[PDB]
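Raw protein.txt, compact mmCIF, C-alpha atoms:
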# COMPACT_ATOMS: atom_id res chain seq x y z
CA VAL A 60 183.05 -106.70 130.47
CA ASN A 61 181.84 -108.63 127.44
CA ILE A 62 178.14 -108.38 126.56
CA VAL A 63 176.76 -111.74 125.38
CA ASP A 64 173.39 -113.08 124.25
CA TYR A 65 172.24 -116.23 126.09
CA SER A 66 168.58 -115.60 125.27
CA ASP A 67 168.34 -118.86 123.29
CA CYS A 68 168.90 -120.81 126.51
CA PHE A 69 166.24 -118.89 128.45
CA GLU A 70 163.45 -120.35 126.26
CA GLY A 71 161.40 -117.18 126.48
CA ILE A 72 161.84 -116.51 130.20
CA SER A 73 162.90 -113.02 131.29
CA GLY A 74 166.30 -113.06 132.94
CA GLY A 75 170.02 -112.40 132.92
CA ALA A 76 173.28 -114.22 133.47
CA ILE A 77 176.80 -113.28 134.51
CA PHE A 78 179.93 -115.46 134.38
CA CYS A 79 183.28 -114.29 135.74
CA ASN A 80 186.67 -115.89 135.14
CA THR A 81 189.03 -114.40 137.71
CA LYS A 82 192.24 -115.51 135.96
CA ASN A 83 191.63 -112.97 133.18
CA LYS A 84 189.24 -110.78 135.22
CA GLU A 85 186.52 -110.50 132.57
CA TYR A 86 182.76 -110.75 133.06
CA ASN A 87 180.47 -112.28 130.43
CA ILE A 88 177.15 -110.50 130.93
CA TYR A 89 173.70 -111.16 129.49
CA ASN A 90 171.17 -108.41 130.38
CA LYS A 91 173.45 -105.95 132.17
CA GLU A 92 170.63 -103.89 133.69
CA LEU A 93 169.21 -106.95 135.43
CA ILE A 94 172.64 -108.27 136.46
CA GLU A 95 173.29 -104.98 138.31
CA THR A 96 169.87 -104.90 140.08
CA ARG A 97 169.70 -105.91 143.76
CA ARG A 98 167.01 -108.44 144.73
CA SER A 99 166.36 -110.73 147.66
CA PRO A 100 168.82 -113.68 147.52
CA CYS A 101 166.13 -116.05 148.81
CA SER A 102 167.63 -119.48 149.57
CA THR A 103 170.86 -118.69 147.71
CA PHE A 104 171.71 -117.07 151.05
CA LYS A 105 172.17 -120.62 152.41
CA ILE A 106 175.64 -120.54 150.86
CA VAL A 107 176.61 -117.77 153.25
CA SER A 108 174.50 -118.84 156.22
CA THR A 109 176.20 -122.26 156.12
CA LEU A 110 179.58 -120.57 156.36
CA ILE A 111 178.33 -118.35 159.20
CA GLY A 112 177.09 -121.38 161.12
CA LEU A 113 180.38 -123.24 160.62
CA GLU A 114 182.47 -120.19 161.61
CA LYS A 115 180.41 -119.71 164.78
CA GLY A 116 180.44 -123.40 165.69
CA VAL A 117 176.67 -123.86 165.44
CA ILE A 118 177.46 -126.62 162.92
CA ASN A 119 180.76 -128.35 162.27
CA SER A 120 180.54 -130.79 159.34
CA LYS A 121 178.28 -131.92 156.53
CA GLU A 122 176.76 -134.37 159.06
CA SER A 123 175.83 -131.71 161.63
CA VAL A 124 172.27 -131.71 162.96
CA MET A 125 170.11 -128.93 164.37
CA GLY A 126 167.95 -130.89 166.84
CA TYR A 127 164.68 -131.59 165.02
CA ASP A 128 161.79 -131.23 167.48
CA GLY A 129 159.04 -133.20 165.72
CA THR A 130 157.18 -130.28 164.10
CA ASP A 131 154.96 -131.36 161.21
CA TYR A 132 155.83 -130.08 157.72
CA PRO A 133 154.33 -130.85 154.30
CA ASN A 134 157.70 -131.81 152.76
CA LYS A 135 158.37 -135.27 154.21
CA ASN A 136 162.13 -134.68 154.11
CA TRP A 137 161.85 -131.78 156.55
CA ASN A 138 160.28 -134.08 159.17
CA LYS A 139 163.56 -135.54 160.37
CA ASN A 140 166.84 -134.75 162.10
CA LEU A 141 168.47 -133.99 158.81
CA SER A 142 172.15 -133.28 158.34
CA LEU A 143 173.64 -130.06 156.99
CA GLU A 144 174.13 -131.71 153.62
CA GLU A 145 170.50 -132.74 153.31
CA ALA A 146 169.15 -129.48 154.75
CA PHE A 147 171.14 -127.56 152.13
CA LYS A 148 169.97 -129.79 149.28
CA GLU A 149 166.34 -129.79 150.48
CA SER A 150 166.51 -126.02 151.15
CA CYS A 151 165.05 -126.78 154.58
CA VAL A 152 163.93 -123.47 156.07
CA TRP A 153 163.46 -124.57 159.68
CA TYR A 154 167.03 -125.90 159.87
CA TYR A 155 168.55 -122.69 158.57
CA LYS A 156 166.24 -120.42 160.59
CA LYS A 157 167.22 -122.26 163.74
CA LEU A 158 170.88 -122.07 162.73
CA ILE A 159 170.90 -118.34 162.09
CA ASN A 160 168.87 -117.54 165.21
CA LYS A 161 171.77 -118.96 167.24
CA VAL A 162 174.04 -116.20 165.85
CA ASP A 163 174.02 -112.66 167.16
CA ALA A 164 173.07 -109.89 164.75
CA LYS A 165 176.36 -108.00 165.03
CA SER A 166 178.36 -111.06 163.95
CA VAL A 167 176.11 -111.49 160.93
CA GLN A 168 176.25 -107.77 160.11
CA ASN A 169 180.03 -107.79 160.21
CA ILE A 170 180.32 -110.93 158.07
CA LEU A 171 178.00 -109.52 155.42
CA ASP A 172 179.91 -106.23 155.49
CA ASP A 173 183.20 -108.13 155.02
CA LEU A 174 181.71 -110.09 152.09
CA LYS A 175 180.20 -106.92 150.55
CA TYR A 176 176.95 -108.89 150.48
CA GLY A 177 174.75 -106.44 148.62
CA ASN A 178 173.01 -103.90 150.82
CA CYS A 179 174.03 -105.88 153.97
CA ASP A 180 170.58 -104.94 155.34
CA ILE A 181 169.49 -107.32 158.11
CA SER A 182 167.19 -104.73 159.73
CA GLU A 183 164.14 -106.95 159.12
CA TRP A 184 165.63 -109.94 160.93
CA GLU A 185 162.33 -111.85 161.21
CA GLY A 186 161.64 -111.33 157.50
CA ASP A 187 158.49 -110.65 155.54
CA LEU A 188 155.94 -111.37 158.27
CA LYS A 189 153.08 -109.87 156.25
CA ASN A 190 153.05 -113.07 154.16
CA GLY A 191 151.56 -114.91 157.17
CA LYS A 192 154.25 -117.61 157.36
CA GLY A 193 155.50 -116.63 160.81
CA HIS A 194 158.78 -118.28 161.77
CA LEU A 195 159.23 -119.61 158.20
CA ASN A 196 160.69 -116.23 157.25
CA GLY A 197 163.88 -114.24 157.57
CA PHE A 198 165.82 -111.22 156.38
CA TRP A 199 167.10 -113.18 153.35
CA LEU A 200 163.60 -114.23 152.10
CA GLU A 201 161.88 -111.39 150.16
CA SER A 202 162.81 -109.03 152.97
CA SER A 203 165.44 -106.40 153.81
CA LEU A 204 168.56 -108.10 152.41
CA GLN A 205 169.15 -107.52 148.70
CA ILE A 206 172.06 -108.37 146.40
CA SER A 207 172.63 -108.13 142.67
CA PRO A 208 173.65 -111.08 140.49
CA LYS A 209 176.96 -109.31 139.87
CA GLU A 210 177.52 -108.95 143.61
CA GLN A 211 176.65 -112.64 144.06
CA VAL A 212 179.45 -113.62 141.65
CA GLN A 213 181.88 -111.27 143.36
CA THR A 214 181.03 -112.78 146.76
CA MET A 215 181.30 -116.33 145.37
CA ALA A 216 184.73 -115.60 143.93
CA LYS A 217 185.97 -114.05 147.20
CA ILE A 218 184.85 -117.09 149.19
CA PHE A 219 185.99 -119.90 146.93
CA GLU A 220 189.27 -118.33 145.78
CA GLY A 221 190.33 -118.22 149.44
CA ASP A 222 190.11 -114.44 149.84
CA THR A 223 188.00 -114.44 153.02
CA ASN A 224 188.86 -115.35 156.59
CA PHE A 225 186.55 -118.39 156.49
CA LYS A 226 188.43 -121.60 157.26
CA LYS A 227 189.48 -123.67 154.29
CA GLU A 228 187.89 -126.69 155.98
CA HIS A 229 184.59 -124.80 155.97
CA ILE A 230 184.93 -123.69 152.35
CA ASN A 231 185.46 -127.35 151.44
CA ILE A 232 182.28 -128.45 153.25
CA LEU A 233 180.38 -125.90 151.17
CA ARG A 234 181.98 -127.17 147.96
CA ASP A 235 180.96 -130.72 148.87
CA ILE A 236 177.31 -129.90 149.55
CA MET A 237 176.98 -127.52 146.58
CA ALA A 238 178.20 -130.05 144.01
CA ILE A 239 175.56 -130.91 141.44
CA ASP A 240 175.35 -133.71 138.90
CA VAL A 241 175.09 -132.34 135.36
CA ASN A 242 175.59 -135.60 133.44
CA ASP A 243 178.95 -134.33 132.19
CA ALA A 244 182.01 -135.62 134.03
CA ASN A 245 184.40 -133.19 132.32
CA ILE A 246 183.09 -130.17 134.20
CA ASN A 247 182.42 -129.70 137.90
CA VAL A 248 179.38 -127.55 138.66
CA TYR A 249 178.46 -126.23 142.12
CA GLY A 250 175.57 -124.03 143.13
CA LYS A 251 172.38 -123.26 144.99
CA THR A 252 168.86 -122.48 143.78
CA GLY A 253 166.68 -119.74 145.17
CA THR A 254 162.93 -119.19 144.76
CA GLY A 255 160.86 -116.23 145.82
CA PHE A 256 158.12 -113.94 144.61
CA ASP A 257 158.38 -110.15 144.83
CA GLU A 258 154.82 -109.17 145.68
CA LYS A 259 155.37 -105.43 145.23
CA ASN A 260 156.50 -105.77 141.61
CA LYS A 261 154.68 -109.04 140.79
CA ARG A 262 157.86 -110.74 139.54
CA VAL A 263 159.69 -113.88 140.58
CA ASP A 264 163.12 -113.87 142.18
CA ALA A 265 164.41 -117.14 140.73
CA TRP A 266 168.12 -117.83 141.12
CA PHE A 267 170.89 -120.27 140.46
CA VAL A 268 174.27 -119.12 141.82
CA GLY A 269 177.55 -121.04 141.94
CA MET A 270 180.69 -121.93 140.07
CA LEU A 271 182.02 -124.05 137.20
CA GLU A 272 185.39 -125.78 137.00
CA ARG A 273 186.56 -126.90 133.57
CA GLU A 274 190.13 -128.00 132.79
CA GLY A 275 192.06 -125.42 134.83
CA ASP A 276 189.56 -122.56 134.45
CA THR A 277 187.03 -121.54 137.09
CA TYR A 278 183.96 -119.42 136.35
CA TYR A 279 181.75 -117.88 139.02
CA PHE A 280 178.18 -117.40 137.85
CA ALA A 281 174.73 -116.12 138.72
CA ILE A 282 171.62 -116.80 136.64
CA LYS A 283 168.52 -114.81 137.57
CA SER A 284 164.94 -114.58 136.30
CA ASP A 285 162.56 -111.69 137.06
CA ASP A 286 159.69 -113.08 134.99
CA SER A 287 156.11 -112.26 135.88
CA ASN A 288 155.23 -115.96 135.42
CA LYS A 289 154.93 -117.31 138.98
CA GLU A 290 155.78 -120.79 137.67
CA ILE A 291 159.42 -119.75 137.19
CA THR A 292 161.39 -121.16 140.12
CA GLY A 293 164.98 -121.64 141.19
CA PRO A 294 165.01 -125.19 139.79
CA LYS A 295 163.78 -123.86 136.42
CA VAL A 296 166.58 -121.29 136.35
CA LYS A 297 169.05 -124.06 137.25
CA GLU A 298 167.97 -125.89 134.07
CA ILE A 299 168.65 -122.72 132.09
CA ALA A 300 172.03 -122.36 133.80
CA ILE A 301 173.04 -125.91 132.87
CA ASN A 302 171.98 -125.32 129.27
CA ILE A 303 174.14 -122.18 129.16
CA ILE A 304 177.10 -124.03 130.67
CA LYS A 305 176.82 -126.87 128.16
CA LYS A 306 176.41 -124.56 125.16
CA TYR A 307 178.92 -121.82 125.97
CA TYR A 308 181.30 -123.08 128.68
CA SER A 309 182.36 -126.56 127.56

Represent the structure from my file as C-alpha cells, please.
Amino acid sequence: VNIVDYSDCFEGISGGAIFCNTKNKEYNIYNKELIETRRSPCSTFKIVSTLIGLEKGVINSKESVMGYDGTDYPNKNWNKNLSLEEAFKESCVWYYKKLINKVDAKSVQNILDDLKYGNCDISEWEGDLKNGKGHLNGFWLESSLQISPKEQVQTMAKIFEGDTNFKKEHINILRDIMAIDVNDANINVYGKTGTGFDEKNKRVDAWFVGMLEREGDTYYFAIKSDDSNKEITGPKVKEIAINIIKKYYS
C-alpha cells in the first residue's frame, strides 16, 4: 500500500480513490478510511448483474433485448427495446431489474459470495421501497448490498484477470460495453458510473469503477465521493477519475 494525494483532481469534492496494479500487487490509495468503507454500489452493480445475466442465459450478447413492454419513462432512451449495450450505457433500471428478477436468489447469493462482493447482503431484494419508487428499486440501490471501493477493485481484478468461472466470452462482452472514450488513444479506459444518495447520512454515493490499460500495465480502480453536495453524481466522479488517470497514470 502506497498512500497518495489526488486531492488536486477532486476540485474540492470529498472523496477517495484506489488504483491496483496486480503485476506488482501494490495499491495506490487516496483517503484510506473512505476506500475501506462499504457503501451501496448503486449502478456500478450493473457490471456484475450483466455477468450474472449472461451466465444464466437471460442475455447472450451485447445485442440482447429484455422485451420492452411500452411503459412510459421520462428518459426517452428507456422507451425502447434497447440492447444490453445501450441499457448498460444508459444505466436503464427497468432493463436490469427485469434481468435480475429472472434469476433466483440463491444463484445470485452464491455468485456474490464467490466474488467476495462486499457484504453479499441481498436480503432486501426489492430495495429501498421507502423512497416511493416501487419497482425502480433493488438490493443494489441504496439498500442492503454494500461494498467498499477497495473490494470493488478486488472484484474487478478477479473478473477481468480471468480468475472467476465466468466465461471468457462473457468477460469480453463486458469489456466491450464498459469501454469509454477519454480522448487519449494511448490508454484504454473501461468503467461504470454509479449515483445514489444515502438519506440516513445525507451524503452522496457517487462512483466510477473500472480499469485502465496502458502499454502492458493494467490498473483496476475505484473512485468514490461521499460529499454532502447532492449535485455530485457518478458522471461528476467519472470526470475526476479521468483527470486522475491523465495526471498520474499516463

Query raised in the report: Which polymer residues have any atom within 9 Å of an atom of residue 120 (chain A), counting only C-alpha atoms, with same-chain residues fewer than 2 positions away left out, as an NGL selection string?
Result: :A and (113 or 118 or 122-123 or 142-144 or 229 or 232)

At a cut-off of 6 Å, can you tabulate as JSON lines every residue of region 91-113 of chain A near region 244-264 of chain A together with its closest atom pair and the distance in Å to one decimal, using only C-alpha atoms and ordering rows by chain then number?
{"residue": "A:101", "atom": "CA", "partner": "A:253", "partner_atom": "CA", "distance": 5.2}
{"residue": "A:102", "atom": "CA", "partner": "A:253", "partner_atom": "CA", "distance": 4.5}
{"residue": "A:103", "atom": "CA", "partner": "A:253", "partner_atom": "CA", "distance": 5.0}

Query raised in the report: Looking at A:76, A:300, A:151, A:94, which one is nearest to residue 136 (chain A), with distances taken over all atoms listed in the file?
Result: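 Looking at the shortest contact to residue 136 (chain A), the residue is A:151.
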
So that I can check the surroundings of residue 205 (chain A), please list as a compact mmCIF listing (two decimals) with C-alpha atoms, in the coordinates of the input every protein, DNA and RNA residue that reaches within 10 Å of it, counting all atoms listed in the file and ignoring chain neighbours fewer than 4 positions away.
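Output file around29.txt is given in full below:
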# COMPACT_ATOMS: atom_id res chain seq x y z
CA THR A 96 169.87 -104.90 140.08
CA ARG A 97 169.70 -105.91 143.76
CA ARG A 98 167.01 -108.44 144.73
CA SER A 99 166.36 -110.73 147.66
CA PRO A 100 168.82 -113.68 147.52
CA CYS A 101 166.13 -116.05 148.81
CA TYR A 176 176.95 -108.89 150.48
CA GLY A 177 174.75 -106.44 148.62
CA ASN A 178 173.01 -103.90 150.82
CA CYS A 179 174.03 -105.88 153.97
CA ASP A 180 170.58 -104.94 155.34
CA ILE A 181 169.49 -107.32 158.11
CA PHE A 198 165.82 -111.22 156.38
CA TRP A 199 167.10 -113.18 153.35
CA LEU A 200 163.60 -114.23 152.10
CA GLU A 201 161.88 -111.39 150.16
CA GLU A 210 177.52 -108.95 143.61

**Report entry** Distance criterion (all atoms listed in the file): nearest to residue 152 (chain A) out of A:197, A:116, A:275, A:191
**Finding:** A:197

Query raised in the report: What residues have an atom no more than 6 Å from (174.2, -114.0, 134.4) in the file's own frame, counting only C-alpha atoms, and can you write them as a PyMOL selection string?
Result: chain A and resi 75-78+88-89+281-282

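A straight line drawn from CA of residue 132 (chain A) to CA of residue 111 (chain A) is 25.4 Å long.
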
Requested in this report: Compare A:163, A:95, A:274, A:185 by their minimum atom-to-atom distance to residue 211 (chain A), counting all atoms listed in the file, and give me the closest one.
Outcome: A:95

Requested in this report: Using only C-alpha atoms, determine which residues lie at most 12 Å from residue 175 (chain A), disregarding the query and same-chain residues fewer than 2 positions distant; provide the list as number ranges by chain.
Outcome: A: 107, 168-173, 177-180, 204-207, 209-218, 223
